[PDB]
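K.L.:
Could you have a look at this structure, given as structure tokens, before my questions?
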Amino acid sequence: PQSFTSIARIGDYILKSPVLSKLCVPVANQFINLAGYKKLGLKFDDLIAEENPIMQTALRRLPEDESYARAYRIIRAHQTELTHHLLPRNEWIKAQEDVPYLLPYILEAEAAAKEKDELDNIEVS
Amino acid sequence: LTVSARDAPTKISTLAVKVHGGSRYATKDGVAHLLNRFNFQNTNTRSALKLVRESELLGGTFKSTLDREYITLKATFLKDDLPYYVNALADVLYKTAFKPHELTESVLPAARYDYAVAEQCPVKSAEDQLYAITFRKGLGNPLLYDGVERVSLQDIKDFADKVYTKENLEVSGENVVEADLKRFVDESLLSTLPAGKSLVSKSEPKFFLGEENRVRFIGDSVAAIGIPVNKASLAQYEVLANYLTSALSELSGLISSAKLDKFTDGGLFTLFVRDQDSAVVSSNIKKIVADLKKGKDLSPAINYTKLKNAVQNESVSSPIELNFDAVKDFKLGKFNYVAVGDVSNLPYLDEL
Amino acid sequence: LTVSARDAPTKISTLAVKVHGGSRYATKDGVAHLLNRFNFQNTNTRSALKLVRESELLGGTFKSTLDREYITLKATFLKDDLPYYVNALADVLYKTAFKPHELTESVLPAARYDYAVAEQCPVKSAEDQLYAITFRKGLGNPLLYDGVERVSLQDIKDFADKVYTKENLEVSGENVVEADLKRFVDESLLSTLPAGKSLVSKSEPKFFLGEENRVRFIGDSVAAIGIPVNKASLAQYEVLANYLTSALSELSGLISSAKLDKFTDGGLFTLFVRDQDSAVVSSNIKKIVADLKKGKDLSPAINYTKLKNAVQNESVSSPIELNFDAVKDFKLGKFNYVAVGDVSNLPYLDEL
Amino acid sequence: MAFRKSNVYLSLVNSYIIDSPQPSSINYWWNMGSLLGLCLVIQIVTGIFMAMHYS
Amino acid sequence: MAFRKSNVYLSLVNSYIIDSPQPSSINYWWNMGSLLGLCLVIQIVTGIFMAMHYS
Amino acid sequence: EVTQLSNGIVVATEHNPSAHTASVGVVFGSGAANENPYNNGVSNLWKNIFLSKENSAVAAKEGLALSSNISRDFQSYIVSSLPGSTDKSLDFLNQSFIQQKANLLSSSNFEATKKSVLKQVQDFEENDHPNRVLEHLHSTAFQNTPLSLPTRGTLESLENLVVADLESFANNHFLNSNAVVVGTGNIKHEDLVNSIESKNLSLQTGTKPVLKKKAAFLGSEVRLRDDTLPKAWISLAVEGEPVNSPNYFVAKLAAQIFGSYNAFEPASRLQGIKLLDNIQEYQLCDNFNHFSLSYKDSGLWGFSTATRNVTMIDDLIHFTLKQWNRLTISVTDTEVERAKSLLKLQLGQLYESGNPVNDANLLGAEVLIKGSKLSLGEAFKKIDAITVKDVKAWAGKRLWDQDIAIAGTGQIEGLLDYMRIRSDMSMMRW
Amino acid sequence: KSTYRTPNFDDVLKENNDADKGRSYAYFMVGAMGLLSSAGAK
Ligand code: HEM
Ligand code: HEM
Ligand SMILES: COc1c(O)c(C)c(C/C=C(\C)CC/C=C(\C)CC/C=C(\C)CC/C=C(\C)CC/C=C(\C)CCC=C(C)C)c(O)c1OC
Ligand SMILES: COc1c(O)c(C)c(C/C=C(\C)CC/C=C(\C)CC/C=C(\C)CC/C=C(\C)CC/C=C(\C)CCC=C(C)C)c(O)c1OC
Ligand SMILES: CCCCCCCCCCCCCCC(=O)O[C@H](COC(=O)CCCCCCCCCCCC)COP(=O)(O)O
Ligand SMILES: CCCCCCCCCCCCCCC(=O)O[C@H](COC(=O)CCCCCCCCCCCC)COP(=O)(O)O
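Protein chains in written order, with full-length UniProt numbering: chain A, 2 to 126; chain B, 17 to 368; chain C, 17 to 368; chain D, 1 to 55; chain E, 1 to 55; chain F, 28 to 457; chain G, 31 to 72.
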């Protein structure tokens, strides 16, 4: 509900600031592996809810290959979860494979839908 | 980049930018159609929805049109707002987005609609079959995109990089001051546009005489003929296209349509006959070809075609045709024939 | 009404009745197809559902087949039940119901299925286009019913009154006693069948050489050629149809299919090339026509075609072809060409 | 089609408790809803038979 | 679509008492069913308020 | 400039030096509203006689083009030519249409024209749905009053006509007091008046019949249902403003607010029209348009639509009428500002197109009612003077809780009853 | 008969159709039913 562009302008500023990117990013990286989704084979963007018209738009622009693989990690996590176990250690998600593959599509869809609501309420002088 | 313009006290002024991105110049069949449907999509700065709410308030609309030879970038708006719109037209010729999701969601569904409508009408199908058999690999390229040859987004982007150049452009504005436009023209993003060879070729195409094709169609039956016209004979076939449709001719009640298409180096003269019962089509086509072969006088139609041409010249570049005074006689020597519909009950080229 | 038969100790015997109700004899395009789908519908005495539960218990099934020349009434059953089935076949040739509700509910939906399947396959479309341009109004009649020409129930009934006659009939039964059949033959309802002129014409058809047609198709690309064959040359084109498909020829890996169709007075020799990429089709077709034009020796294939013909003669009337010993050389002089698919990237008849 | 899907009364039972598609990985915390349905029947049935003796 | 047809609860009311297609020539004998529905509500409502005072 | 002189016949002229063509014509103040149900279609027959093969051939030999237009309130006969030959058009108009009518009313010519017109009307009535639906809307809105007669004529009445009906109509309506002589394009007013004065060019005496009943609007509907057609075509309207009303331009602007929509054009899906926000999700319609038509006695304000979604018609009508309801209570200033420029461009192309025939028809139809022609500039200031209060005042009078007229054909089974539609003309929440 | 010709509704129709008088009479009857109904429901 806190959008995504809103929390990304927070990101790129902290990344560029040397004092902030040294203090909190070394604390953020422990928050990811402590969350522990990597062990079931899940990239982060597979965790976001998709039952709204913004995410449904980005899920359609996603290429076939990244949509087929996305289908398999969700099926594997559903199957592994019902057995009350985890995946073998040699198949977990590493640090470098967890890339933002669903980021640009979410961003290009909100700025085109922000424009729509800012044009429906134009007060021409 | 050759700018011409005229001025008049009319309230509404129009601006036109033409690109020689014609279907005779498409790299793959239907590439011209797809780019034409990208025209006025999103650019880098402003979205295509951004362009709508702005051009509405200032009293203008944009259009893009496809034909055998042109991709026309045309705008009709209120007189004072020439500097604003001239930048909007320049952007599309410069920095179109060409995003992948614009091809799937808008361009492809719209391009399919154009093809579907044209397939129901039989005279369009017959006309497209006369172009194909006369100019095999020149003007005969399919106008619309059906998908028998695969066209990708890269081929669209490469085509736009090929046609959108400085030297392949003409900007014309009717009812607005010429000098004011050029100050905005020399300022806009078209000033930085790349320059290249002019896609227009001065050489005439090569033509084939005597070809026939048959298409089995459920509906009306059509017996169409097409003739190649060079540069010198554009005057003779323009009078004849008006004589047959005028009351001066006896075959005017049998003929369904007749026209001449003109280009910078020639044209194709087309004649059509249409009816539901194939028996009526069969008799009508035989009498027309028999009477045409003996001879027809077009001199009574010279004054009629002058008035007809003057009305046409309002919305076109008006190529000069001063030979209307010298047109005397016509007689059919050779032609291409196409039959559409109940081909079993329709005549063959030997029978005509 | 000429009856021939053979006997053998085989358990299963077959009976065939042939009618010269071929598609070359249809009054309107697709009339033969519709009657063929009325065959084994309801009769006056027994319904078509009545015929099923009876012919099942006695170990037989009925079939009807359509081609360019025949409407075959064929039954395969257990040996002893010849008198029973011979009356069932005679009824359909005599007193078919031809009810209006049989055309709407069964014949039309079934006829549409046959056309739909044939349209997806491109070699059938190319073959149908070679028949049409070679024999314009003889064998070139469309085989299947699409509806470009309207066919009514009266035209079906009139066609059945035209073809179902005494003198337009042949009854043949394999593996059952001939004399026993004739006693049942001379007794059944075909004894009272009307007599008329034999629809079969002894005269040869007229043919045209050098025709071409193009069809835009989404899928594979096909470059097919067709040649008319008279009565004397049936032997030469039968060896050649086997030489190209055999390992003795170098072009066998390029060719997709080759065959000869035979009739009572001639045939059409057809050759096909098929691939997905139109570039491969374009090169393959050029090499084949170039090599064929210089010459090919068919003498090594004479023994191969004798074995090939002997297997074919089992299920056909086996016209005599004793000229296999005299076939020596072949060289292509003229042909008809059809292009289906990506017509822009496929060669023209001039280019080949 | 089958009678359990064709009948007017049995098609409601079919689409709610028989052919209803469930996620394949819900744990024992999702069994709580049916236990409340069981307990609602217990309160009512043990209440009607006990309302026959209460003033 | 309209909210009366899109909502889960209002679409049942829509298809039973609002958009239900009726024959155009049914006489006053077909009004009897709604009168029994009116009378069922009368018995229940006048019974709950009268069950507050009955032993 | 527009110059009008009452000397002789009322002569109007609009000079445009840029044009390369000139039109000269006669516009009569009678139309399809001046005929009765028994001779309905006499005007169309007169038009097709003027446009017959022999008349058109004699015209085209000299180099002239003939146009004829039949409407509710006027009949137009126009001869177009090159600028140098504008005097020849007057000679042809005098010799053929006015002085003599015996040749054009011969037996064979009349029979051929009658058989051609019958064929045209028969084809129209079966294979042209959006326009015949609008014709039936007119016929049901103004029933038993002159304005409801179809302009082409009915199939049953066109058979009964003879040449006597045609000559009677010509005697009763082709009069000097009913006519305007119009000049358009590259011609001068002084030259046109001088050319008329040189000839006589007298039409007749005068005193055309006066109608006993004035046109009236009745809330009603007609349904022509046909289940062998693929779509449903629907036209819906209310009473509007007539020509010479103070609220004419307000009516056209309120119409322009909702505009037109085509589902298959990518650009028209991004228009500022808010109605589309409700339509686009379920593909309720293929196309719609809004109209404000004005006649001498009354008018029509409404919309017309076509759709393949035969199961969701009522949703389309409901959302459209709720957008109409918004006009009275909560129209916003940006809507009016967009509407002003859209209307100005809309009016600009109509009155300033290249073709002089449209200008001739408009000038002739205008001077026959107003007595003078409004200029383009003065039109804009009234358009610019429109405010939100004016739109609200007009909408509260013309479409809030008012009777409607409906006409539909095709798969109109989904179209609900009259009253259910009639109740949608108010909100009940306000 | 042509579809454009319409059937006779004269005995059903009012002589003078005035919208303000017509909608006021209908609304008063609906209003009266509502006014007594509100009293009964209370
Ligand atoms: C969800 C439904 C219900 C709940 C949660 C509920 C709960 C309760 C509770 C907590 C008591 C007091 C128990 C005690 O401490 O003694 C009670 C008493 C009672 N309930 Fe219910 N009840 C329900 C439904 C019903 C129904 C449907 C009936 C009758 C038809 C009913 C009849 C009674 C009676 C008669 C008593 C008093 C008898 C007694 O407890 O000694 N109940 N109920
Ligand atoms: C269709 C539903 C019902 C019918 C047909 C019905 C019928 C009756 C009848 C005929 C009587 C006797 C009336 C008499 O002669 O005095 C009665 C009494 C009673 N009913 Fe009902 N009833 C119904 C529903 C209800 C409900 C739902 C309740 C309570 C919630 C209820 C509570 C009572 C009570 C308390 C009495 C006794 C009070 C009295 O009549 O003096 N009834 N009912
Ligand atoms: C989403 O996944 C689902 C799911 O969809 C469903 C439906 C269920 C199933 C749950 C339910 C449907 C619960 C439903 C509960 C109720 C509706 C309560 C039932 C209430 C009643 C039966 C009403 C009371 C009526 C009686 C029982 C009367 C009994 C009669 C008596 C005592 C009279 C006896 C006297 C004599 C004379 C013998 C699930 O468990 C579930 O997850 C697994
Ligand atoms: C086919 O055409 C149709 C048609 O389809 C329908 C549906 C109807 C309409 C008919 C019906 C739907 C009838 C429906 C009847 C019922 C379901 C009965 C309703 C029963 C109940 C409401 C259950 C009992 C519950 C209560 C009323 C509880 C009330 C609460 C009270 C008294 C508590 C008050 C206490 C306090 C603290 C204030 C027609 O009339 C009709 O033909 C015109
Ligand atoms: C709302 C209250 C209950 C909530 C729902 C919980 C579901 C439990 C219902 C029990 C039904 C299970 C048997 C299904 C069946 O018929 O299988 C039948 C046959 O199975 C059996 O052998 C039945 C085993 C008997 C156990 C039933 C005990 C009931 C306990 C009481 C539960 C409710 C009070 C279908 O078998 P199938 O798997 O071959 O299709
Ligand atoms: C199950 C028990 C009842 C059976 C069903 C019988 C139907 C009667 C229900 C009454 C509703 C009628 C009004 C509809 C409406 O809202 O129209 C509204 C407004 O109409 C009105 O003016 C309301 C008139 C007030 C009368 C209501 C008295 C109720 C009497 C009690 C009935 C139940 C106990 C919609 O009007 P419209 O025709 O423009 O769409």
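Even for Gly, the Cβ is constructed at its ideal location relative to N, Cα and C.
Regarding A51 of chain E and ligand 1, is the C-beta to nearest heavy atom distance less than 7 Å?
P.N.:
If you number the fifth sequence from 1, residue 51 of chain E lands on position 51. Result no, Cβ not under 7 Å from ligand 1.
K.L.:
At a CB-CB cut-off below 7 Å, which residues of chain B make contact with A113 of chain A?
P.N.:
On the first sequence, position 112 is the one that residue 113 of chain A refers to. Within chain B, the residues near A113 of chain A are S63.
K.L.:
Candidates C:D281, C:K322, C:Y147: which alpha carbon is nearest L287 of chain C's?
P.N.:
Numbered from its first residue, the third sequence carries residue 287 of chain C at position 271. The shortest Cα separation from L287 of chain C among C:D281, C:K322, C:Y147 belongs to C:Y147.
K.L.:
Give the interface partners of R69 of chain B over in chain A, defined as CB-CB distance under 8 Å, in chain order.
P.N.:
Against the second sequence, residue 69 of chain B aligns to sequence position 53. Within chain A, the residues near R69 of chain B are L120, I123.
K.L.:
Beta-carbon within less than 7 Å of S268 of chain C's beta-carbon, same chain only, minus the 5 sequence neighbours each way: which residues are those?
P.N.:
The count along the third sequence starts at 1 and reaches residue 268 of chain C at position 252. Excluding positions up to five away in sequence, the list reads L260, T261, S262.
K.L.:
Identify each residue in the segment 32 to 55 of chain F for which the Cβ-Cβ distance to at least one residue of chain B is less than 8 Å, and report them in chain order.
P.N.:
Answer set for the segment 32 to 55 of chain F: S45, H47, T48.
K.L.:
Residues of chain F with CB under 9 Å from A49 of chain G, in chain order?
P.N.:
For this step, residue 49 of chain G is matched to residue 19 along the seventh sequence. Chain F residues near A49 of chain G: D428, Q429, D430.
K.L.:
At the level of alpha carbons, what is the spacing between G212 of chain B and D121 of chain A?
P.N.:
Within the second sequence, numbered from 1, the residue matching residue 212 of chain B stands at position 196. Within the first sequence, numbered from 1, the residue matching residue 121 of chain A stands at position 120. Cα to Cα, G212 of chain B sits roughly 42 Å from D121 of chain A.
K.L.:
Determine, using beta carbons only, whether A126 of chain B comes closer than 8 Å to chain F.
P.N.:
Within the second sequence, numbered from 1, the residue matching residue 126 of chain B stands at position 110. For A126 of chain B, the answer is yes, since a Cβ of chain F falls inside 8 Å of its Cβ.
K.L.:
Have a look at the DSSP bridge pairing and note the partners of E190 of chain C.
P.N.:
On the third sequence, position 174 is the one that residue 190 of chain C refers to. The partner list for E190 of chain C (beta bridge, DSSP) reads C:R22, C:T30.
K.L.:
Alpha carbon to alpha carbon, how far is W30 of chain D from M56 of chain A?
P.N.:
Here the question's residue 30 of chain D lines up with position 30 in the fourth sequence. Here the question's residue 56 of chain A lines up with position 55 in the first sequence. Taking the straight line from one Cα to the other gives about 27 Å.
K.L.:
Just checking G235 of chain B against ligand 6 - is the residue's beta carbon closer than 7 Å to any of the ligand's heavy atoms?
P.N.:
Looking up residue 235 of chain B in the second sequence gives position 219. False, no ligand heavy atom lies under 7 Å from that Cβ.
K.L.:
Measuring only the C-alpha atoms, how far is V123 of chain B from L50 of chain B?
P.N.:
The residue you call residue 123 of chain B lines up with position 107 of the second sequence. The residue you call residue 50 of chain B lines up with position 34 of the second sequence. Rounded to whole angstroms, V123 of chain B to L50 of chain B spans 7 Å at the Cα level.
K.L.:
Would you say the segment 151 to 169 of chain B touches the segment 38 to 48 of chain B, given that touching needs at least three Cβ pairs under 8 Å?
P.N.:
Yes, they touch.
K.L.:
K128 of chain F by DSSP, collapsed to three states: which one?
P.N.:
Residue mapping note: residue 128 of chain F aligns to position 101 of the sixth sequence, counting from 1. Note: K128 of chain F maps to coil in three-state DSSP.
K.L.:
For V305 of chain C, collect the residues of the same chain with a Cβ closer than 6 Å to its Cβ; drop the 5 residues on either side in sequence, then sort them by chain order.
P.N.:
Mapped onto the third sequence, residue 305 of chain C falls at position 289. Here the set comprises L368.
K.L.:
Can you find at least 3 beta carbon pairs, one from the segment 30 to 48 of chain E and one from the segment 189 to 198 of chain F, that sit closer than 8 Å?
P.N.:
Touching, no, given that fewer than three Cβ pairs across the two stretches are closer than 8 Å.
K.L.:
What are the uninterrupted segments assigned as alpha helix (DSSP H) that are 4 or more residues long and contained completely in the segment 276 to 337 of chain F, given in chain order?
P.N.:
List check, alpha helix (DSSP H) in window: 303 to 306.
K.L.:
If you compare alpha carbons, which of B:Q57, B:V108, B:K153, B:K309 is closest to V35 of chain B?
P.N.:
The residue labelled residue 35 of chain B in the question sits at position 19 within the second sequence. Comparing Cα-Cα distances from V35 of chain B to each of B:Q57, B:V108, B:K153, B:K309, the minimum goes to B:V108.
K.L.:
Just the chain A side, please: which residues come within less than 8 Å of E364 of chain F by C-beta, in chain order?
P.N.:
Working through the sixth sequence from its first residue, we reach residue 364 of chain F at position 337. The answer, in chain order, is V125.
K.L.:
For the beta strand (DSSP E) holding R230 of chain B, just list the boundary residues, first then last.
P.N.:
Against the second sequence, residue 230 of chain B aligns to sequence position 214. 228 to 232 is the span of the beta strand (DSSP E), which, as asked, contains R230 of chain B.
K.L.:
Under three-state DSSP, which class holds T81 of chain A?
P.N.:
Numbered from its first residue, the first sequence carries residue 81 of chain A at position 80. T81 of chain A: helix per DSSP, three-state reduction.
K.L.:
Are the CB atoms of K367 of chain F and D411 of chain F within a distance shorter than 8 Å?
P.N.:
Position 384 of the sixth sequence, counted from the start, is the residue given in the question as residue 411 of chain F. Position 340 of the sixth sequence, counted from the start, is the residue given in the question as residue 367 of chain F. Cβ distance < 8 Å, so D411 of chain F and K367 of chain F count as in contact.
K.L.:
For ligand 1, is there a heavy atom less than 7 Å away from the beta-carbon of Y54 of chain D?
P.N.:
As a position in the fourth sequence, residue 54 of chain D is number 54, starting the count at 1. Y54 of chain D Cβ: within cutoff of ligand 1.
K.L.:
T361 of chain F touches chain J at which residues, Cβ-Cβ below 9 Å?
P.N.:
Protein chains in the displayed structure are A, B, C, D, E, F and G, and chain J is not among them.
K.L.:
Please indicate yes or no: does the CB of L35 of chain D lie closer than 7 Å to some heavy atom of ligand 1?
P.N.:
Indexing the fourth sequence from 1 puts residue 35 of chain D at position 35. Checking every heavy atom of ligand 1 against the Cβ of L35 of chain D, none is found closer than 7 Å.
K.L.:
Run through chain B and tell me which residues come within less than 8 Å of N229 of chain C, C-beta to C-beta.
P.N.:
Looking up residue 229 of chain C in the third sequence gives position 213. What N229 of chain C touches in chain B: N229, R230.
K.L.:
Taking its Cβ as the centre, do 16 or more other Cβ atoms sit within 10 Å of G311 of chain C, making it buried, or is it exposed?
P.N.:
In the third sequence, the residue the question calls residue 311 of chain C occupies position 295. Looking at its Cβ environment, which holds fewer than 16 other Cβ atoms inside 10 Å, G311 of chain C is exposed.
K.L.:
Mind pulling the chain B residues with CB within less than 9 Å of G163 of chain C?
P.N.:
By one-based count along the third sequence, residue 163 of chain C stands at place 147. Those within 9 Å of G163 of chain C in chain B are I234.
K.L.:
Give the straight-line distance between the Cα atoms of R53 of chain G and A132 of chain B, rounded to the nearest whole angstrom.
P.N.:
Translated into the one-based positions of the seventh sequence, residue 53 of chain G becomes position 23. Translated into the one-based positions of the second sequence, residue 132 of chain B becomes position 116. In a straight line, the C-alpha of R53 of chain G is about 50 Å away from that of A132 of chain B.
K.L.:
Using a Cβ cut-off of 8 Å (strictly closer), state whether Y309 of chain F contacts chain E.
P.N.:
For the purposes of this step, residue 309 of chain F is taken as residue 282 along the sixth sequence, with counting starting at 1. So yes, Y309 of chain F belongs to the interface.
K.L.:
Taking its Cβ as the centre, do 16 or more other Cβ atoms sit within 10 Å of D277 of chain C, making it buried, or is it exposed?
P.N.:
As a position in the third sequence, residue 277 of chain C is number 261, starting the count at 1. Classification of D277 of chain C: buried, given that the 10 Å Cβ count is 16 or more.
K.L.:
Quick one: does the C-beta of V418 of chain F sit closer than 7 Å to a heavy atom of ligand 3?
P.N.:
On the sixth sequence, residue 418 of chain F is found 391 positions in, with the first residue counted as 1. Outside the cutoff, so no.
K.L.:
Which of helix, strand or coil does DSSP assign to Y180 of chain C?
P.N.:
Indexing the third sequence from 1 puts residue 180 of chain C at position 164. Here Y180 of chain C sits in coil by DSSP.
K.L.:
Between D254 of chain F and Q438 of chain F, is the Cβ-Cβ spacing less than 8 Å?
P.N.:
In the sixth sequence, counting from the first residue as 1, residue 254 of chain F sits at position 227. In the sixth sequence, counting from the first residue as 1, residue 438 of chain F sits at position 411. Yes, Cβ-Cβ distance for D254 of chain F and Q438 of chain F is below 8 Å.
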